[PDB]
Amino acid sequence: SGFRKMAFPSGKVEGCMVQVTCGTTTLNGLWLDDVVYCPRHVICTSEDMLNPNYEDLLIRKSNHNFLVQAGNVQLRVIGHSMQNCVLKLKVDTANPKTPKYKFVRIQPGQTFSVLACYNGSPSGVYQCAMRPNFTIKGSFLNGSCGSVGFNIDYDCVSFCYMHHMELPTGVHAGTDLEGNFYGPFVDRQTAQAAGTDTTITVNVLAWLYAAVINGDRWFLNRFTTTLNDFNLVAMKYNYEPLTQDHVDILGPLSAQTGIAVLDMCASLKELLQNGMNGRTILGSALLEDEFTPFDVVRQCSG
Amino acid sequence: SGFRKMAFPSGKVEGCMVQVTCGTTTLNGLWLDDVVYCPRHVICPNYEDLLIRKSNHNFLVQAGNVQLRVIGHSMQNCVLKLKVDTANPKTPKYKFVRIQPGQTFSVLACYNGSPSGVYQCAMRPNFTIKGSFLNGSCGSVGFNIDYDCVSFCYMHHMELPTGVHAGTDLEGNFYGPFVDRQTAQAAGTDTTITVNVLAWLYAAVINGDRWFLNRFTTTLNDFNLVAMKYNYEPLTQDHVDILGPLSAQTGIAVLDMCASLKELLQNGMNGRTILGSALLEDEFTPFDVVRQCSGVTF
Ligand SMILES: O=C(Nc1cncc2ccccc12)[C@@H]1CN(S(=O)(=O)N2CCC2)Cc2ccc(Cl)cc21
Ligand SMILES: O=C(Nc1cncc2ccccc12)[C@@H]1CN(S(=O)(=O)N2CCC2)Cc2ccc(Cl)cc21
Ligand SMILES: [Cl-]
Ligand SMILES: [Cl-]
């Protein structure tokens, strides 16, 4: 019993964190095999950030301009190349702690663990979701750039996020491990802003199924809804539209609890209308949207 | 910016998790140097009588895909100590520490000696933890990290009828009035950790949330008369001293923040949230707030 915001054990990722320094800028890098991956903005100064020409800044650098530190050991850079917004530094030593891994690009609504690092040293681990507006609500200070997001389903680490910047509202933007930003963000100090955020509907439904599995049913009602009527109501509360894919994805949780997806949708419509009236659901007074259907199945009893 | 329920990096603890099997019971063990620590209930009660009937070879200890051989066994309170023939080469610098209610720690939840997740929690004033554990999680441990030293503070033993959890320190002493046996047991009435809510209000101010601030202040005695009414733990002068640094950083005196908390208890949030929460959060200590708002590494 119980339901917590649970992160994957971070050990496999801790053994990959290194510190990267170029001139006066120091940030984090991910050391996998003989390559260190880091945000390309490590080659910029604060002035460069308004309109940096990364190709022009990079051509002026040599291998020995990049200082890479793994623990108390300096790694030697023997090559460098840029792939989108990431810099790939070829080093002379393969990481003996390299786990089994993949690079995966995730969709909004998907969750992952973040190992927040400063100076190549891990400071903490927490759970995050890629918001519908492609930002993440992380906890990052200056020097956190290069910290990564990942999932570890079955001994393989799937790296899905690398931290690059904080937007004016305090939210965070970054790339996949191939250097493609999530959302319309750019690694430039331009007037950029997160778009209007929405609630991840399929995740709230998943969390309501977790509450039923753990023994709470107070929010259920005798009603049902069509998918279209549910979407017309939910969009009025800034909830993402629920698609037939989301309904199919919720099938297993529906079968385990005996509550049809559209019946759980009617319960959500009523919760949006009434609020909780002094009650809680899994220790929360707000509707939680950072647990996916897969996360609920992973954590909850069968 | 941002404020999350953050756990310590778990790698140093992952390298200590092993699977322990005795008969039909399988649970988790903590392998440090040449000893595996696990709940004594793995033997299945008169524990001295049950233990004397077991031999070293009755305990199967598995570290990854390697079987460790047990060469000795002894009991210390509610913890079984299995002497093994191999010292753990991954043994980190460590201590066994007993924590107080209100203190937080990270839990590395394990099944079959394999870590499945990490989360942060607090020892409640009623000595239970609101964890997330299924059958087979027994022997999972709670810890903190200070620089490079792992301080082990909790070992999971059981789930109470309300779904909350009970366990021991690593010397086998229970937190709370619990016993390791199938008998009628219940969590006592819980209270809210006042010093932790105040710490979280300071974290909200640091992150730019100030709507709850007011021009008022209070005395410790008047605030404590309010805390008692709302099932909040009493605030002591030690708590006030501990909050000093956060008070100096934000410019809001501790009794000034106490007046803000009193108004929140008496009037609610009125449709507003604090750090994305509609409830007053009590599972962040003053040190957790300072550490997350400064970026301390391990
Ligand atoms: O965002 C960036 N860094 C950070 C990242 N995360 C969490 C931070 C917290 C606190 C300070 C920095 C943080 C950097 C620096 N900033 S900054 O204007 O100095 N800024 C303060 C809020 C962001 C411009 C910038 C522009 C583009 C790029 Cl790719 C990186 C960056
Ligand atoms: O509590 C224990 N295990 C668990 C521990 N944590 C999370 C569980 C979730 C689900 C099932 C077990 C779980 C065990 C078994 N139970 S039990 O009656 O089978 N029970 C169901 C709720 C607890 C009695 C018992 C008595 C004493 C001792 Cl020390 C351990 C234990
Ligand atoms: Cl995805
Ligand atoms: Cl006994």
# chains A, B, ... in the order shown; residues from 1 in each chain; ligands from 1
>>> closest_atom_pairs(of="chain A", to="chain B", cutoff="6 Å", atoms="only C-alpha atoms", output="Markdown table")
| residue | atom | partner | partner_atom | distance |
| --- | --- | --- | --- | --- |
| A:1 | CA | B:163 | CA | 5.1 |
| A:2 | CA | B:132 | CA | 4.3 |
| A:3 | CA | B:132 | CA | 5.3 |
| A:4 | CA | B:132 | CA | 6.0 |
| A:6 | CA | B:119 | CA | 5.2 |
| A:7 | CA | B:118 | CA | 5.2 |
| A:8 | CA | B:117 | CA | 4.6 |
| A:9 | CA | B:117 | CA | 5.2 |
| A:10 | CA | B:10 | CA | 5.6 |
| A:11 | CA | B:11 | CA | 3.5 |
| A:121 | CA | B:297 | CA | 5.6 |
| A:122 | CA | B:297 | CA | 5.5 |
| A:123 | CA | B:297 | CA | 4.0 |
| A:124 | CA | B:8 | CA | 4.9 |
| A:125 | CA | B:7 | CA | 5.2 |
| A:126 | CA | B:6 | CA | 5.1 |
| A:138 | CA | B:2 | CA | 5.5 |
| A:139 | CA | B:2 | CA | 4.0 |
| A:140 | CA | B:1 | CA | 5.7 |
| A:170 | CA | B:1 | CA | 5.2 |
| A:285 | CA | B:278 | CA | 5.8 |
>>> residues_around(residues="region 17-25 of chain B", least_positions_apart="5", cutoff="10 Å", atoms="only C-alpha atoms", output="MDAnalysis selection string")
chainID B and resid 12 30:32 36:39 41:44 54 57:64 66:68 82 108 110:115 136 139:141
>>> residues_near_ligand(ligand="ligand 4", cutoff="12 Å", atoms="only C-alpha atoms and all ligand atoms", output="PyMOL selection string")
chain B and resi 40-41+43-51+75-78+179-181
>>> residues_around(residues="residue 94 (chain A)", least_positions_apart="5", cutoff="9 Å", atoms="only C-alpha atoms", output="number ranges by chain")
A: 31-35
>>> residues_near_ligand(ligand="ligand 1", cutoff="8 Å", atoms="only C-alpha atoms and all ligand atoms", output="CSV table (one decimal) with N, CA, C and O atoms, in the first residue's frame")
chain,number,residue,atom,x,y,z
A,39,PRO,N,25.5,20.3,-23.2
A,39,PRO,CA,24.9,21.4,-24.0
A,39,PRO,C,26.0,22.2,-24.7
A,39,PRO,O,27.1,22.4,-24.2
A,41,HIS,N,26.0,25.2,-25.4
A,41,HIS,CA,26.2,26.5,-24.8
A,41,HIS,C,27.4,26.6,-23.9
A,41,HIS,O,27.7,27.7,-23.4
A,46,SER,N,28.3,35.0,-21.6
A,46,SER,CA,27.0,35.5,-21.4
A,46,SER,C,26.6,36.4,-22.6
A,46,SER,O,25.4,36.4,-23.0
A,49,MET,N,25.3,34.6,-25.8
A,49,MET,CA,23.9,34.0,-25.7
A,49,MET,C,22.8,34.8,-26.5
A,49,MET,O,21.9,34.1,-26.9
A,50,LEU,N,22.9,36.1,-26.7
A,50,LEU,CA,21.8,36.8,-27.4
A,50,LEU,C,21.7,36.3,-28.8
A,50,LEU,O,20.5,36.0,-29.2
A,139,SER,N,13.7,21.3,-10.6
A,139,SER,CA,14.3,22.1,-9.5
A,139,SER,C,15.8,22.2,-9.9
A,139,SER,O,16.5,21.2,-9.8
A,140,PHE,N,16.2,23.3,-10.4
A,140,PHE,CA,17.5,23.5,-10.9
A,140,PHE,C,18.0,24.9,-10.6
A,140,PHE,O,17.3,25.8,-10.7
A,141,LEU,N,19.3,24.9,-10.2
A,141,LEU,CA,20.0,26.2,-10.0
A,141,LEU,C,21.1,26.4,-11.0
A,141,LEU,O,21.2,25.6,-11.9
A,142,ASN,N,21.8,27.5,-11.0
A,142,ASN,CA,22.9,27.8,-11.9
A,142,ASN,C,23.9,26.7,-11.8
A,142,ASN,O,24.2,26.2,-10.7
A,143,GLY,N,24.4,26.2,-12.9
A,143,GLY,CA,25.4,25.1,-12.9
A,143,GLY,C,24.8,23.7,-13.1
A,143,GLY,O,25.5,22.7,-13.3
A,144,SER,N,23.4,23.7,-13.1
A,144,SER,CA,22.7,22.4,-13.3
A,144,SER,C,22.7,21.9,-14.8
A,144,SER,O,22.3,20.8,-15.0
A,145,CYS,N,23.0,22.8,-15.8
A,145,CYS,CA,23.0,22.5,-17.2
A,145,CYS,C,23.8,21.2,-17.5
A,145,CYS,O,24.8,21.0,-16.9
A,163,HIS,N,19.3,18.9,-19.6
A,163,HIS,CA,18.9,20.2,-19.2
A,163,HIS,C,19.7,21.3,-19.9
A,163,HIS,O,21.0,21.2,-19.9
A,164,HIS,N,19.1,22.4,-20.4
A,164,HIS,CA,19.8,23.5,-21.1
A,164,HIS,C,19.5,24.9,-20.4
A,164,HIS,O,20.4,25.7,-20.3
A,165,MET,N,18.2,25.1,-20.1
A,165,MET,CA,17.8,26.5,-19.6
A,165,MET,C,16.6,26.6,-18.8
A,165,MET,O,15.7,25.7,-18.9
A,166,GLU,N,16.5,27.7,-18.1
A,166,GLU,CA,15.3,28.0,-17.3
A,166,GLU,C,14.6,29.2,-17.9
A,166,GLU,O,15.3,30.2,-18.3
A,167,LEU,N,13.3,29.1,-18.2
A,167,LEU,CA,12.5,30.1,-18.8
A,167,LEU,C,12.1,31.1,-17.7
A,167,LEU,O,12.2,30.8,-16.5
A,168,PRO,N,11.5,32.3,-18.1
A,168,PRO,CA,11.2,33.4,-17.1
A,168,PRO,C,10.2,33.0,-16.0
A,168,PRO,O,10.2,33.5,-14.9
A,170,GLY,N,10.2,30.2,-14.4
A,170,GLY,CA,10.8,29.3,-13.5
A,170,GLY,C,10.8,27.8,-13.9
A,170,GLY,O,11.2,26.9,-13.2
A,172,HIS,N,11.6,24.7,-17.0
A,172,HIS,CA,12.9,24.3,-17.6
A,172,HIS,C,12.7,23.7,-19.0
A,172,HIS,O,11.7,23.1,-19.3
A,174,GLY,N,14.9,21.9,-22.4
A,174,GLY,CA,16.1,21.1,-22.8
A,174,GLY,C,15.9,20.2,-24.0
A,174,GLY,O,14.9,20.4,-24.7
A,186,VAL,N,14.9,27.6,-28.1
A,186,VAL,CA,16.2,27.7,-28.7
A,186,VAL,C,17.3,28.0,-27.6
A,186,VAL,O,16.9,28.7,-26.7
A,187,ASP,N,18.5,27.5,-27.8
A,187,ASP,CA,19.6,27.8,-26.8
A,187,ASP,C,20.2,29.1,-27.2
A,187,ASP,O,21.3,29.2,-27.7
A,188,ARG,N,19.4,30.2,-26.9
A,188,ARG,CA,19.6,31.6,-27.2
A,188,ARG,C,18.9,32.4,-26.1
A,188,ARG,O,17.8,32.0,-25.7
A,189,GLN,N,19.5,33.5,-25.6
A,189,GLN,CA,18.9,34.3,-24.6
A,189,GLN,C,17.9,35.3,-25.2
A,189,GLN,O,17.9,36.5,-24.9
A,190,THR,N,17.0,34.8,-26.0
A,190,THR,CA,15.9,35.6,-26.6
A,190,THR,C,14.7,35.7,-25.7
A,190,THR,O,14.6,34.8,-24.9
B,1,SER,N,15.4,27.8,-10.1
B,1,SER,CA,14.0,27.8,-9.6
B,1,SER,C,13.4,26.4,-9.6
B,1,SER,O,14.0,25.5,-10.3
>>> closest_atom_pairs(of="chain A", to="ligand 3", cutoff="9 Å", atoms="only C-alpha atoms and all ligand atoms", output="Markdown table")
| residue | atom | partner | partner_atom_place_in_ligand_line | distance |
| --- | --- | --- | --- | --- |
| A:104 | CA | ligand 3 | 1 (Cl) | 8.1 |
| A:105 | CA | ligand 3 | 1 (Cl) | 6.8 |
| A:106 | CA | ligand 3 | 1 (Cl) | 3.7 |
| A:107 | CA | ligand 3 | 1 (Cl) | 4.2 |
| A:108 | CA | ligand 3 | 1 (Cl) | 7.1 |
| A:109 | CA | ligand 3 | 1 (Cl) | 7.5 |
| A:110 | CA | ligand 3 | 1 (Cl) | 5.2 |
| A:111 | CA | ligand 3 | 1 (Cl) | 8.1 |
>>> select_by_dssp(residues="region 16-148 of chain B", states="strand (DSSP E)", output="PyMOL selection string")
chain B and resi 17-22+25-32+35-39+59-63+66-68+70-76+79-84+93-96+104-111+114-122+141-146
>>> select_by_dssp(residues="region 33-127 of chain B", states="helix (DSSP H, G or I)", output="number ranges by chain")
B: 40-43, 47-52, 56-58
>>> write_last_selection(atoms="N, CA and C atoms", output="PDB file, in the first residue's frame")
ATOM      1  N   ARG B  40      14.589  -9.933  11.177  1.00  0.00           N
ATOM      2  CA  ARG B  40      14.630 -11.278  11.749  1.00  0.00           C
ATOM      3  C   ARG B  40      13.384 -12.108  11.392  1.00  0.00           C
ATOM      4  N   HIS B  41      12.283 -11.459  10.943  1.00  0.00           N
ATOM      5  CA  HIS B  41      11.079 -12.201  10.583  1.00  0.00           C
ATOM      6  C   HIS B  41      11.264 -13.063   9.314  1.00  0.00           C
ATOM      7  N   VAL B  42      12.436 -13.013   8.653  1.00  0.00           N
ATOM      8  CA  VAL B  42      12.713 -13.893   7.518  1.00  0.00           C
ATOM      9  C   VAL B  42      12.746 -15.379   7.987  1.00  0.00           C
ATOM     10  N   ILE B  43      13.071 -15.640   9.273  1.00  0.00           N
ATOM     11  CA  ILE B  43      13.113 -17.002   9.817  1.00  0.00           C
ATOM     12  C   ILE B  43      11.706 -17.590  10.099  1.00  0.00           C
ATOM     13  N   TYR B  47      11.733 -15.969  18.594  1.00  0.00           N
ATOM     14  CA  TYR B  47      12.820 -15.857  17.634  1.00  0.00           C
ATOM     15  C   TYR B  47      14.105 -16.577  18.058  1.00  0.00           C
ATOM     16  N   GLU B  48      14.400 -16.649  19.366  1.00  0.00           N
ATOM     17  CA  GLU B  48      15.577 -17.388  19.834  1.00  0.00           C
ATOM     18  C   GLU B  48      15.389 -18.884  19.532  1.00  0.00           C
ATOM     19  N   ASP B  49      14.171 -19.407  19.743  1.00  0.00           N
ATOM     20  CA  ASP B  49      13.862 -20.807  19.490  1.00  0.00           C
ATOM     21  C   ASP B  49      13.829 -21.124  17.994  1.00  0.00           C
ATOM     22  N   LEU B  50      13.311 -20.203  17.169  1.00  0.00           N
ATOM     23  CA  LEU B  50      13.262 -20.426  15.722  1.00  0.00           C
ATOM     24  C   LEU B  50      14.668 -20.375  15.112  1.00  0.00           C
ATOM     25  N   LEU B  51      15.498 -19.442  15.602  1.00  0.00           N
ATOM     26  CA  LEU B  51      16.857 -19.251  15.101  1.00  0.00           C
ATOM     27  C   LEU B  51      17.796 -20.403  15.437  1.00  0.00           C
ATOM     28  N   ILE B  52      17.697 -20.967  16.649  1.00  0.00           N
ATOM     29  CA  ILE B  52      18.564 -22.075  17.061  1.00  0.00           C
ATOM     30  C   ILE B  52      18.390 -23.322  16.167  1.00  0.00           C
ATOM     31  N   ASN B  56      23.720 -22.268   9.046  1.00  0.00           N
ATOM     32  CA  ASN B  56      24.202 -21.261   8.112  1.00  0.00           C
ATOM     33  C   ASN B  56      23.695 -21.500   6.691  1.00  0.00           C
ATOM     34  N   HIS B  57      23.707 -22.770   6.237  1.00  0.00           N
ATOM     35  CA  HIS B  57      23.272 -23.156   4.894  1.00  0.00           C
ATOM     36  C   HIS B  57      21.752 -23.019   4.667  1.00  0.00           C
ATOM     37  N   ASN B  58      20.951 -22.828   5.734  1.00  0.00           N
ATOM     38  CA  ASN B  58      19.514 -22.572   5.565  1.00  0.00           C
ATOM     39  C   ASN B  58      19.267 -21.169   4.962  1.00  0.00           C
TER      40      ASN B  58
END
>>> decode(residues="region 19-45 of chain B", atoms="C-alpha atoms", output="mmCIF file, in the first residue's frame")
data_model
loop_
_atom_site.group_PDB
_atom_site.id
_atom_site.type_symbol
_atom_site.label_atom_id
_atom_site.label_comp_id
_atom_site.auth_asym_id
_atom_site.auth_seq_id
_atom_site.Cartn_x
_atom_site.Cartn_y
_atom_site.Cartn_z
ATOM 1 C CA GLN B 19 18.229 -11.030 -1.673
ATOM 2 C CA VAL B 20 17.826 -13.215 1.441
ATOM 3 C CA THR B 21 15.839 -16.476 1.421
ATOM 4 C CA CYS B 22 15.010 -18.708 4.359
ATOM 5 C CA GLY B 23 12.618 -21.533 3.550
ATOM 6 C CA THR B 24 9.654 -20.051 1.728
ATOM 7 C CA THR B 25 10.313 -16.383 2.750
ATOM 8 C CA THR B 26 12.269 -14.106 0.424
ATOM 9 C CA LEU B 27 13.123 -10.489 1.388
ATOM 10 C CA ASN B 28 15.954 -7.871 1.038
ATOM 11 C CA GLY B 29 19.249 -7.614 2.911
ATOM 12 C CA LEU B 30 21.889 -4.898 3.308
ATOM 13 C CA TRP B 31 25.442 -6.165 2.607
ATOM 14 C CA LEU B 32 28.096 -4.040 4.321
ATOM 15 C CA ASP B 33 31.677 -5.441 4.718
ATOM 16 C CA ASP B 34 31.200 -9.222 5.500
ATOM 17 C CA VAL B 35 27.723 -8.943 7.126
ATOM 18 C CA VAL B 36 24.201 -9.031 5.606
ATOM 19 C CA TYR B 37 21.583 -7.237 7.752
ATOM 20 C CA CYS B 38 17.890 -8.162 7.318
ATOM 21 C CA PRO B 39 14.593 -8.321 9.334
ATOM 22 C CA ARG B 40 14.630 -11.278 11.749
ATOM 23 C CA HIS B 41 11.079 -12.201 10.583
ATOM 24 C CA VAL B 42 12.713 -13.893 7.518
ATOM 25 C CA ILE B 43 13.113 -17.002 9.817
ATOM 26 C CA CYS B 44 9.226 -16.916 10.383
ATOM 27 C CA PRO B 45 7.065 -16.215 17.646
#
